[PDB]
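# Structural characterization, general
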There are 4 protein chains.
Amino acid sequence: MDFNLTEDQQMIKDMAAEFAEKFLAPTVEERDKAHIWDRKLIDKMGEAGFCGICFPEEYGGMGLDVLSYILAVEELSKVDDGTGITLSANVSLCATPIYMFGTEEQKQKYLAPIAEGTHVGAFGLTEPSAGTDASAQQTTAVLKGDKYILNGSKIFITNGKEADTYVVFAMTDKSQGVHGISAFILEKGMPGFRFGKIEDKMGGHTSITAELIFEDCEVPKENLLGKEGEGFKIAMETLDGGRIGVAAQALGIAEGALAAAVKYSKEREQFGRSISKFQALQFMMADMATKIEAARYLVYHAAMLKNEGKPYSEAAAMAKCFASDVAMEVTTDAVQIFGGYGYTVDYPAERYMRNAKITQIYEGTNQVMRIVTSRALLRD
Amino acid sequence: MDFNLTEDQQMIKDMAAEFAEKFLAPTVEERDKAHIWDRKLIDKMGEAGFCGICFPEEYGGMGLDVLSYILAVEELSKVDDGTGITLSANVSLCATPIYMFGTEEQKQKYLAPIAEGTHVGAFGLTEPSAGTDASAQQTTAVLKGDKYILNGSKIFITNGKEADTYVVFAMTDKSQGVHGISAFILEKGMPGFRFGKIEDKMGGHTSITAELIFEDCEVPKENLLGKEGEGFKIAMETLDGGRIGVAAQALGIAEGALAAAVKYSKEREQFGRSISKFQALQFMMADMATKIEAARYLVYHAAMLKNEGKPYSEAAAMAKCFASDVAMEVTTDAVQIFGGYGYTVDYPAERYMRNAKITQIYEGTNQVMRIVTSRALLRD
Amino acid sequence: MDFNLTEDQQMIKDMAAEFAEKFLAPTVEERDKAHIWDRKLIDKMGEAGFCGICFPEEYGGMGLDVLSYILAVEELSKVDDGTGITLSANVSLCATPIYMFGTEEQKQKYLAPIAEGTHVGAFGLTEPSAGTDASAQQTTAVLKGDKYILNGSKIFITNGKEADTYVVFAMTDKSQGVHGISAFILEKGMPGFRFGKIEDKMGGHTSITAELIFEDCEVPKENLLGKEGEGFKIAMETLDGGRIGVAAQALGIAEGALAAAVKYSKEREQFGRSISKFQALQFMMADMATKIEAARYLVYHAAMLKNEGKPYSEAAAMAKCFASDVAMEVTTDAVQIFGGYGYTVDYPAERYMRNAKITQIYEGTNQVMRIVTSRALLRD
Amino acid sequence: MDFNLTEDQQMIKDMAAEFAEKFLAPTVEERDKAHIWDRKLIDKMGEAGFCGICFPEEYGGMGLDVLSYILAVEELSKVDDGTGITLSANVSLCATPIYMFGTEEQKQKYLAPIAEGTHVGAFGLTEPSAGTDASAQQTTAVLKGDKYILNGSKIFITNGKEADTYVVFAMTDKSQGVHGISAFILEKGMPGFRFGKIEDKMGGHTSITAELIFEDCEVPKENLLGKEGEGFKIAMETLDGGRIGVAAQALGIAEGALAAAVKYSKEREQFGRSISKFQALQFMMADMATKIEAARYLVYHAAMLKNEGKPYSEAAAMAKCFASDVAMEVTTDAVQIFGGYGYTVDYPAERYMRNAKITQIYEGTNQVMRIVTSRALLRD
Ligand SMILES: Cc1cc2nc3c(=O)[nH]c(=O)nc-3n(C[C@H](O)[C@H](O)[C@H](O)COP(=O)(O)OP(=O)(O)OC[C@H]3O[C@@H](n4cnc5c(N)ncnc54)[C@H](O)[C@@H]3O)c2cc1C
Ligand SMILES: Cc1cc2nc3c(=O)[nH]c(=O)nc-3n(C[C@H](O)[C@H](O)[C@H](O)COP(=O)(O)OP(=O)(O)OC[C@H]3O[C@@H](n4cnc5c(N)ncnc54)[C@H](O)[C@@H]3O)c2cc1C
Ligand SMILES: Cc1cc2nc3c(=O)[nH]c(=O)nc-3n(C[C@H](O)[C@H](O)[C@H](O)COP(=O)(O)OP(=O)(O)OC[C@H]3O[C@@H](n4cnc5c(N)ncnc54)[C@H](O)[C@@H]3O)c2cc1C
Ligand SMILES: Cc1cc2nc3c(=O)[nH]c(=O)nc-3n(C[C@H](O)[C@H](O)[C@H](O)COP(=O)(O)OP(=O)(O)OC[C@H]3O[C@@H](n4cnc5c(N)ncnc54)[C@H](O)[C@@H]3O)c2cc1C
Ligand SMILES: CC(C)(COP(=O)(O)OP(=O)(O)OC[C@H]1O[C@@H](n2cnc3c(N)ncnc32)[C@H](O)[C@@H]1OP(=O)(O)O)[C@@H](O)C(=O)NCCC(=O)NCCSS
Ligand SMILES: CC(C)(COP(=O)(O)OP(=O)(O)OC[C@H]1O[C@@H](n2cnc3c(N)ncnc32)[C@H](O)[C@@H]1OP(=O)(O)O)[C@@H](O)C(=O)NCCC(=O)NCCSS
Ligand SMILES: CC(C)(COP(=O)(O)OP(=O)(O)OC[C@H]1O[C@@H](n2cnc3c(N)ncnc32)[C@H](O)[C@@H]1OP(=O)(O)O)[C@@H](O)C(=O)NCCC(=O)NCCSS
Ligand SMILES: CC(C)(COP(=O)(O)OP(=O)(O)OC[C@H]1O[C@@H](n2cnc3c(N)ncnc32)[C@H](O)[C@@H]1OP(=O)(O)O)[C@@H](O)C(=O)NCCC(=O)NCCSS
Ligand code: NA
Ligand code: NA
Ligand code: NA
Ligand code: NA
Ligand code: NA
Ligand code: NA
């Protein structure tokens, strides 16, 4: 065992902290208040290399490991976890399945520009009737000549509308149920592909979330990803990695919130002393700091297993569930530490608390995480 | 012991439910989104008699009991807790200290118009340096002829700016510390009394919260409330009752959130069944329901103690602490039960959760509540 | 609403506190250490009237209400909850179903001596294969002439072996499943009725818990309780009341533990001050005191509904679940407040903690309580 | 970062598991019930090499690393945590301060026999008036010729009476307070060194805990450990490592309890299915498993920091606080999963739960852990 970062991991973490400080921090308050997803900023992140950390240089990336990428999502999320989830949807939800399942032709066409920073990616699985029950897909894809024709819709898609490239799931054979689903690579601008509602959320205001609509959408036949009927496996494998990303986002949001409260507590005086001198607040901040350290190693262990080519599905679900629960509890108390000031948008705590709640829900709810963990635990 | 409501209590509960259904529920979503405090709606509430429930008929009230009033606060808060806290601040924070410490002339002039529903009230204690440490007042009042001249400011005042009548605290003799504070009745429009920042908050969007500014503000000598030096006592007694109101608010919020979640869980299907058929969700909802019932009796007991003329400070601190913690836990799980939908403003859950958080902070934070409770526990 | 005890309720509470102080407190430590269930003490309780509080004078009781009885279980349980559960099994689990379902002849024969204090009662439902799944009864009863012949066994029976009178459940018609069970009144000393294992438990050392064994046990036909096939309804109705008893036991154990820790904390000094001066311990004791008050009114509301002849099954399950969870959490922290001393049998905290855990399990586990509450919540 | 065990670590883990299976598991139930600390079994442990794992070969040890030792403590504690804490006190509390502050002659005389497995060690800091306030030492040591003469006593000493070698703390200059404390190596059999009460505890029945009494106890001058006045530093450094041992103990306890509960849940049927098929129990077990994994990495990180010669006091306090809270929550739910059976000594759950509680108190209570953590968090 070795708990030390590698030189590459540390370098990536430092690069991310520098990016966040220069490009995210000065504007996050304003962008949050105004609900802005700023594509020029997102482009600057992509140009700085973040989307290609963990992909081979032969596909436009840096050739580094999973944990370096996870560190960057965490570090960005300390400051602007809306940008953090933007990066994670790009890498874990879109690029990864193209990397894992795509032909060489698809990897060069679609993965490389995401890794290089040019293209934003999204993952279209969730439908009105298929959320947790993700296999209950009603979007259809029917092969007609040299095209699949897609009909349906997806909802709540991170980077939706603005993404260039989508990995979408549709039924090619309803009678084969979970074995009837296939994955497709779509481009923004394809015939019959349009966007619907942009969601107005509790939080995540610097992340864009949109409906996708397919009305006889024409998808070239070669943009089938993997084999017909492999789509569920692709979705589940992708989500196993994306849960590590969300875990990292939650970790960063928790760390951001605690760092803010610590600093406030040392500055704010009541009863002629800093509030950090009251033992109940000391103990609350001790518990916050402890839960965060405990979450951190779950997230890191999952990343490492993935990098080592070992099973990581259970580890990822554990990390996701624990980190997101931590973020919710930490951020709730960080608002408390600020007092009345914490309930106002002029201070940073309320943004962290609002943004924490979604970590418990997306990429699979924490109820799903517990299903995954208990299945693994209770297997013969 | 008798857990049944009196006829008067049940009638007021019903009138509140009917008012909330007709006047609050149709517009609360749009008012929250737009951050609207609608004076004409508040006026309809006053005209219906809500602000006079627990005041004698000789002061324009209905002559009923404290719990009846508490039940109305709770009922309104099931639907629109910004309106609930507006009521509670009118009644518990402004009207009540005038009723309890005012001369007959001050009650006729200032209490009756609140009880009759034409005037909105507010309570100005908190300062930038005096939050939890409420006795650290820097606002001064200096008697000059037939006026006290006030200088200072107050922050985070519920119903501030909009309110017509204010009970405000200022140092008349700083060298006497906690014994040098006095209370004054202010009117909107007094020279030198203006309003500052209107806070932009995480929630409570249908409640108004404002800074008060006093710049040689001229207050009639006869608007001293109680004796000089009695102000801190007036503040603390007022807050004891105010805590019951906040508790009732939190209780309504939790109940509104649970009821939304129950209903949704019966209607929403995944895996071929209503989500209410999954045991983990059943248990979460059982726990929500149970916590709410436990909180309810704490709130009603505090209200009954106050109505019986018994000590209720500790009871009110317990109820407030408990019910606000329950509201926070319940609303956070109610969002969870709605899944992704829950994180969107088109469903009701996110508003309850945002609104719950402030119940843990205002009218004394839950740390203060635990100081008050522990001091009573540990006394002698 | 009225939260005041009646004069009778207060009198009963005072009688119970006096009994506990005189007869339980001086010996509970010794009886716990030695695992003694002292029948002479149990007889003194019965002679003092506790078993007959809530039964009509025409059946040997005092003619008072359910809550008076529940207060006595609570008060006894502050001091010796082993004796508390002994009383509760006597009254709620044995006497009550004879009262509710018995013929006049059975009430005079079997209820009256329990109400009068002469006879100890027990309730025999649980089998090795039927715990939570209580309908899965394998003990059989077959009518042969003027006797039912019983074969099987029960496990974990409170007051087993030492009880005089048992209400036992057996299948009279396995093919009718839950509608095939019947209830029988047994006497200690009946042919073919013997006792097996006396359990060695984590706690509850002043309560006796035994196996019952039936080997062609001959039960007079008139000792059928209710009608053939009504046995499950009798069991469930009985347990609805017994859960209020357990709730009361848990409440008392919580109160006992907190009272002990409060007193210790005011006496024990470290760092030149009483440990009650450290804000983290103040807040822990505030939370304990708050949770106990919240539990109390759930328990009392359930008792009151039962007394008023209203549905009380959901209320009882709520009270049981919440009070027992409270007792577990409170007692765990009360041991913490004592420090090292708390881990030793010379101080009282460790007995309260060990005895709290069973409250979450018997009379139906808290998982069952949540099933009952969520069914009630989610019903159409 | 590397989450894999080294070959040495895995070998020690395996040797510990094999030792526990062959020597502890067959008798732990009977030893716990009888409150047996079996010196000959402790001697077998020493002979196997467990007490020397992390000491140099020149002092009779194996020459391996801190985590290897920690892994052995954890593994033993899965089965018999009384034996685990016996080991930890031998190693972390007695052997280590001799290793870290002893002269070469004191290490050969006193360290090597522990590392070789023939001598048992103990650490005598706590006094009746000096628990959490450890610097408030009343035991005195007065140099008289070639002896220090010791007067006082110690309470709650793990391995006391049985131990052969003791590191004990006494005031050599009371007017220097925390700087007037010195450390001494004592042997069982020194004139004036006797033993007092052997504690009767809630749990830890296979660990011995005793009072030490010094009545003009004669200690060779050369048995001063470190310089005069350095004692408190020696104590605090020793406790930092000791906290890792307790953390590892708690971790083993939780793991042993979860594994028992998992296995049982797969075997026990109610309602026609294994209880592991009910979702609420699945989620409870997922949560147990997740908390244990989160705690594990805190413990291993603390151990690695110590092995790397880095600061580890805060890491060890976090690990201890977290793992002991996890053990308490896990063991309490493991009892729950066994139902009524769980409350009986014939099943393993109740012993784990009783034993978990002391991990929250000894080697510094979890309140101390939060002081240490908060002080490091809030530093500057
Ligand atoms: C901001 C945001 C971004 C999103 N991003 C994406 C995206 O980029 N791509 C994508 O495809 N999807 C996306 N989603 C959709 C998201 O993954 C789903 O919301 C989530 O899977 C839950 O589905 P649902 O909302 O339909 O809730 P439902 O599945 O209806 O769940 C409702 C509740 O029931 C519980 N539940 C359901 N089934 C069970 C069960 N068997 N046992 C126990 N409890 C159960 C759930 O846990 C939840 O608490 C996003 C959602 C949001 C809010
Ligand atoms: C929406 C809103 C409405 C409001 N309405 C009103 C109103 O109508 N009238 C009015 O006069 N005021 C009002 N307040 C102000 C409110 O009561 C205060 O915010 C609250 O008392 C906390 O004061 P503070 O914000 O200065 O925080 P601080 O007093 O600075 O507290 C910050 C943190 O330190 C903790 N803390 C402080 N002292 C201690 C201690 N001794 N021990 C342990 N922890 C401690 C607090 O609990 C809190 O967690 C309102 C505030 C808000 C946000
Ligand atoms: C000290 C003591 C005294 C007792 N006194 C009496 C007495 O006087 N009379 C009497 O008849 N009985 C008595 N009992 C028996 C007691 O009620 C049962 O132990 C209890 O009902 C649980 O049954 P079980 O122990 O078989 O656990 P099981 O039913 O095997 O339960 C094991 C676990 O599975 C959970 N579980 C089971 N089914 C489900 C489900 N559908 N969903 C979710 N979780 C589930 C349980 O909650 C528990 O956590 C006593 C027990 C004890 C320990
Ligand atoms: C089984 C057992 C084995 C032991 N083994 C050893 C051993 O081998 N060697 C050894 O020297 N000692 C040993 N101890 C003693 C143990 O470390 C102490 O019990 C522990 O430090 C607490 O001290 P105390 O019991 O006096 O409680 P106190 O110090 O009296 O504490 C009582 C309560 O007050 C809290 N508290 C105290 N001060 C504060 C504060 N400033 N702020 C907040 N809360 C506070 C504590 O956390 C605790 O909850 C052992 C104890 C036990 C029970
Ligand atoms: C609930 C959950 C775990 C399982 O659904 P369920 O309907 O029970 O599916 P299962 O029966 O477990 O799996 C069906 C198939 O998928 C496979 N599968 C499941 N998880 C897998 C994984 N991690 N890797 C590979 N295959 C997997 C199964 O092995 C099975 O295939 P075979 O029968 O070919 O072996 C899944 O639907 C899910 O993860 N839902 C949440 C979806 C989500 O996270 N959405 C987020 C969108 S982006 S915010
Ligand atoms: C923290 C808390 C409890 C105590 O502050 P502290 O500085 O310790 O004040 P204390 O020493 O307890 O009391 C000072 C005086 O006030 C009195 N006092 C305190 N609470 C009282 C009460 N409930 N009723 C009457 N008098 C009270 C005390 O008796 C004492 O008077 P004497 O010196 O004449 O005996 C108090 O300042 C408080 O409640 N703060 C939170 C403020 C708040 O709730 N703001 C909400 C604004 S509206 S959202
Ligand atoms: C799990 C639980 C709630 C339900 O079991 P389940 O197998 O689902 O039974 P259900 O189907 O709910 O009920 C079956 C019958 O009993 C009836 N019933 C259930 N609860 C009832 C109640 N409180 N009052 C009257 N009837 C009741 C049902 O109405 C149904 O009868 P009909 O079909 O005649 O209407 C029950 O078995 C139970 O309480 N188990 C715990 C047992 C226990 O508490 N033991 C403690 C022993 S003393 S320590
Ligand atoms: C409460 C706690 C943290 C601090 O007590 P406190 O009285 O505040 O002591 P402090 O002021 O922090 O420290 C006093 C001195 O000890 C030193 N000290 C404290 N922790 C230290 C550590 N981990 N390493 C080295 N020195 C330390 C301080 O640096 C200070 O020295 P200087 O004055 O020379 O700078 C300490 O007494 C403690 O750990 N108590 C629990 C005891 C315990 O764990 N008992 C278990 C027995 S075995 S089961
Ligand atoms: Na989905
Ligand atoms: Na903010
Ligand atoms: Na009622
Ligand atoms: Na049963
Ligand atoms: Na005890
Ligand atoms: Na690994």
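Residues numbered from 1 in each chain as written, not as in the entry; some residues may be left out. Chains lettered and ligands numbered in written order. Heavy atoms only, no water.

In terms of determination method and resolution, the entry is listed under X-ray crystallography at 1.79 Å.

All names here are of chain D. Note that strand β2 (residues 140-144) and strand β3 (residues 147-158) share five bridges and pair antiparallel. If you follow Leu143 over to β3, its bridge partner there is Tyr148. Between the antiparallel neighbours β2 and β3 lie two residues, among them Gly145 with a positive phi of about 80°. (Pairing = 2+ DSSP bridges. Helix = DSSP H or I, 4+ residues; strand = E, 2+ residues; numbered from the N terminus.)

Distances from the sodium ion (ligand 12) to its protein donors, C:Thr126 (OG1) and C:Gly131 (O), fall within 2.8 Å. A relative accessible area of 30% means that C:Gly131 is categorised as partly exposed. (Donors = N, O, S within 2.8 Å, 3.2 Å for Na, K, Ca; no water. Buried < 20%, exposed > 50% of the residue type's maximum accessible area, 1.4 Å probe, protein only.)

Here chain B sits on chain A after a turn of 180° about the axis and a move of 0.0 Å along it, with an RMSD of 0.2 Å. Such a turn and shift between the copies fits a two-fold axis. Residue B:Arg354, judged by its C-alpha, is the member of chain B lying nearest the rotation axis, at 3.9 Å. Interface residue correspondence from chain B to chain A reaches 100%, placing this contact among same-surface, isologous pairings. (Least-squares fit on C-alpha atoms. Contact = heavy atoms within 4.5 Å.)

Residues and elements named next belong to chain B. Lining the immediate environment of ligand 6, one finds 18 residues, of which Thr132, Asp240, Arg243, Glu363 and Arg375 sit closest. Here a nitrogen atom of ligand 6 sits 3.0 Å away from a polar atom, N or O, in the main chain of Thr132. Going through the elements one at a time, α7 (231-267) and α11 (366-377) are the ones with two or more residues in the shell around ligand 6. Examining the composition of the shell around ligand 6, we find that six residues originate from one element, α7, more than from any other. Shared between two domains, the shell around ligand 6 takes at least three residues from each, and those domains are domain 2 (121-238) and domain 3 (239-380). (Near = heavy atom within 4 Å. Polar contact = N/O pair within 3.5 Å; in protein donor to acceptor, adjacent residues only side chain to side chain. Domains from an automatic or database assignment.)

Residue and element names in this part refer to chain A. Once the domains are mapped, chain A shows domain 1 (1-120), domain 2 (121-238) and domain 3 (239-380). Facing the 26 residues of domain 1 at the interface are 28 residues of domain 2. Taking both sides of the interface into account, the surface hidden between domain 1 and domain 2 amounts to around 2300 Å²; carbon and sulfur atoms contribute 61%. When the buried area of domain 1 at its contact with domain 2 is split by residue, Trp37, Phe101 and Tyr110 rank highest and sum to 29% of it. Linking domain 1 with domain 2 are two salt bridges. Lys109 is the partner of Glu187 in a salt bridge, and the nearest nitrogen-oxygen pair spans 3.3 Å. Put simply, domain 1 and domain 2 have 15 residue pairs in polar contact between them. Of all the secondary structure elements, the ones that give two or more residues to the side of domain 1 that touches domain 2 are α2 (28-34), α5 (81-101) and α6 (104-115). The dominant element in the side of domain 1 that touches domain 2, judged by the number of residues it contributes, is α5, at twelve residues. Class assignment for the residues of the side of domain 1 that touches domain 2 results in eleven nonpolar, ten polar and five charged. (Buried area = accessible area lost by both parts, 1.4 Å probe. Salt bridge = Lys/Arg side-chain N within 4 Å of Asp/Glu carboxyl O. Nonpolar A, V, L, I, M, F, W, Y, C, P; charged D, E, K, R; others polar.)

For the match of chain D to chain B, the screw axis carries a shift of 0.0 Å, the RMSD comes to 0.0 Å, and the turn is 180°. In this assembly, 100% of the residues forming the interface of chain D have copies in chain B that are likewise at the interface, indicating an isologous arrangement.

Our focus in this paragraph is the pattern of salt bridges. Counted under the stated rule, the structure contains 104 salt bridges over all chains. The residue C:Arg351 makes a salt bridge to C:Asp81 at a minimum N-O spacing of 3.9 Å. Residue C:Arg351 is located in helix α10 (residues 349-357), and its partner C:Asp81 is located in helix α5 (residues 81-101); the two are separated by 270 residues in the primary sequence. Residue classification places C:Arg351 among the buried positions, given a relative accessible area of 7%. Exposure remark for C:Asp81: the relative accessible area of 1% places this residue in the buried category. For D:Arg370, the salt bridge identified is with D:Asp325, shortest N-O distance 3.0 Å. Here the residue D:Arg370 occupies a position in helix α11 (residues 366-377), and D:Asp325 occupies one in helix α9 (residues 313-338), the gap between them amounting to 45 residues. In this pair, the class of D:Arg370 matches that of D:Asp325, namely buried.

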